[PDB]
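S.K.: sequence first, structure after, both from an experimental entry:
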Amino acid sequence: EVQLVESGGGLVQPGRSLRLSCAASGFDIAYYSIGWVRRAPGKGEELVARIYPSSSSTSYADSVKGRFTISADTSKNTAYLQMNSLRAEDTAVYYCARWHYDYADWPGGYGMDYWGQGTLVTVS
């Protein structure tokens, strides 16, 4: 009954922008931490961005700060990753993730409990 359904990926040129969407079902997004993880061949895997329900503050990986913005629309029960100034090294499969309540405001990758299906973003 808990579902995270992603959309918004694609293939674009360097310098352009994309907005990933993560439509949540089965819980109220205003009370849960949402984040984005990415993976790619020959790379590792990395936490990109996270939003915390305590103060709606955000945190970002060093390589994307100032270019990516994570946010949530409580009215639509959806989180977004706004990806501006895309770079070749941003090519990856991106996943939306939810954290368990027990770790909602605890920073790090520990505590995730649901994930989206994966969305490919490619910079040409």
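M.R.: Ah, there it is. Numbering: from 1, shown residues only.

S.K.: I'd say residue 48 and residue 35 touch.
M.R.: Yes - in this structure, residue 48 is within contact of residue 35 by Cβ atoms under 8 Å, at 7.3 Å. To be clear about C-beta, it is placed using only N, CA and C from the backbone, and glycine gets the same treatment.

S.K.: show me the contacts for residue 61.
M.R.: 46, 47, 48, 49 (Cβ atoms under 8 Å, 6 or more residues apart in numbering).

S.K.: assumed the third one was part of a strand.
M.R.: Yes - secondary structure assignment (DSSP: H, G, I helix; E, B strand; the rest coil) places residue 48 inside a strand.

S.K.: tally of neighbours for it?
M.R.: Residues near residue 48, counting by other Cβ atoms under 10 Å, number 23.

S.K.: what sits against it?
M.R.: Contacts of residue 48 (Cβ under 8 Å, 6+ apart): 35, 36, 37, 38, 60, 61, 64, 68, 81, 94.

S.K.: beta partners of the residue nearest in space to the middle of the chain?
M.R.: For the chain, residue 36 is the residue whose C-alpha lies nearest the centre (Cα atoms, centre = their mean; 2.5 Å). Applying DSSP bridges to residue 36 gives these bridge partners: residue 49, residue 96.

S.K.: distance check, it against residue 47.
M.R.: From residue 36 across to residue 47, the span is 8 Å (Cβ to Cβ, to the nearest Å).
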